[PDB]
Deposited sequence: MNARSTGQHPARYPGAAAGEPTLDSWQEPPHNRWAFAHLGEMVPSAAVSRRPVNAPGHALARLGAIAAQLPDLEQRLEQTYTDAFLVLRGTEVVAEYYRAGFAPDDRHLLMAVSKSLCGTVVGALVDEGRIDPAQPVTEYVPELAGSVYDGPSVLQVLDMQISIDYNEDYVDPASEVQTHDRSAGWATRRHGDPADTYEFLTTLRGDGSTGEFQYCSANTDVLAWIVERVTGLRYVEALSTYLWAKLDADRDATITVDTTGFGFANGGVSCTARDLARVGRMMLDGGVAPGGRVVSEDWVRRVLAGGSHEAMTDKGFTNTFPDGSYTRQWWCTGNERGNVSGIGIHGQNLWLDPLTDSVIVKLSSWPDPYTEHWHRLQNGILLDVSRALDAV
């Protein structure tokens, strides 16, 4: 058992509705107004082909930028300097207002929600996960603190060999609805998390998407709100965004916090703007000045043993769901597979959003090219 979870709608029974009951009362009143949450759906455009390149200023300093963006399968690219959009690019077939999957950049958004609750005193990072989710007792999350989840410093037996159906990464997807279910799989994401084990050691960084979903679960237990709603109330609704964001949900309606959020490039930039504004957004304060300061400061360097990151950023680290380069510019970034970045350049008070679709989720090749672009663009914003 995974305990109490926020009802899909007021008064809903546990797990209701399902794909086989949404047409029945009392579920249908809610379902008829939110069918996309139950059945895959397509948009029928209200609007009646070519790449849009408005690199403006930085174009002079980076003449071959558009070609570099194409080479890195860029779908949407946007540079926000201060409160102004100084550069934009969208591939042919992708409109400026189209939404794009954020993959793990979603984690940085989740960490932000957790930070908001810490600022309210509803979550104490020093407390064990079990203080908020008792049902995680007996799992690898029995013992570690919420901060250790936030910094991903928990050793977990997490097979990353996706090709293997028995692997935790593929099992995670099947439990959440990102892949076809197999007989015996956990019923939902909550159940999947309870099956995770580890040797008990903590302190060393181990990137694991399950950590973010545990954070979302904690958010639900502390607020009583579905993660989908908490993400809106504590973050999205305060950004004065152009469009709603979306997030995939599993069979119980639990949002895939670790990587299922989609939004426009311009709106994602609003998240970066909030971070560079000390945690304040147009709709009010999202997180405390201290929270933002700690994110920019970085995590323990000694905990960061991922050569894939440190070979490029030797003094890099990770904290509160953000990757910290530790470079001379103090760059910090939300990162997602296939080329997604919510890159912060505090030196120039700028935010760089790059949403892509590399053929591969991760290769040294793509990252070298991607980081080269982000660093070059950041430097092009420097006063000269």
Report task. Compare what was deposited with what's modelled and send me the C-alpha-less stretches, numbered from 1. Result -> 1-4, 53-56
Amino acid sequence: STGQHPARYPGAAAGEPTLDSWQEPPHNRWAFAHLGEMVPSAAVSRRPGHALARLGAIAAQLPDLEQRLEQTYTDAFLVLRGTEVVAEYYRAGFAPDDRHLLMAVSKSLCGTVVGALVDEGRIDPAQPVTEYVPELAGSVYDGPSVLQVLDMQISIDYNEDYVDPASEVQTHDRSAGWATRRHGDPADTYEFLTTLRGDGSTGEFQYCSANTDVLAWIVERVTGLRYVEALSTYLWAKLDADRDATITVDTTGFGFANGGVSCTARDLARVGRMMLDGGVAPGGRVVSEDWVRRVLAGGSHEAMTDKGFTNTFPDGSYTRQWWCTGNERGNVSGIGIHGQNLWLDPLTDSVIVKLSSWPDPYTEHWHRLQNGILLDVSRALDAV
From here on, numbers count along this sequence of modelled residues.
Query raised in the report: Comparing 266-274 with 123-131, where is the mean C-alpha B-factor higher?
Result: 123-131
Report summary line: Comparing 179-187 with 233-241, the higher average Cα temperature factor in the PDB entry belongs to 179-187
Query raised in the report: Going by the deposited entry, which of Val353, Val39, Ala60, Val44 has the highest CA temperature factor?
Result: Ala60
Query raised in the report: When you compare the CA B-factors of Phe77, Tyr162, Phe205, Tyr141 as listed in the entry, which one comes out on top?
Result: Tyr162
Query - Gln67 - which third its CA temperature factor falls in, relative to the rest of the chain - result: highest
**Report entry** Chain-relative CA temperature factor third for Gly339
**Finding:** lowest
Query raised in the report: Against its chain's modelled residues, does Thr212's Cα B factor rank lowest, middle or highest third?
Result: lowest
Query raised in the report: By its CA B factor, does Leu347 count among the lowest, middle or highest third of the modelled residues in the chain?
Result: middle
Query raised in the report: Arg329: which third of its chain by C-alpha temperature factor?
Result: middle
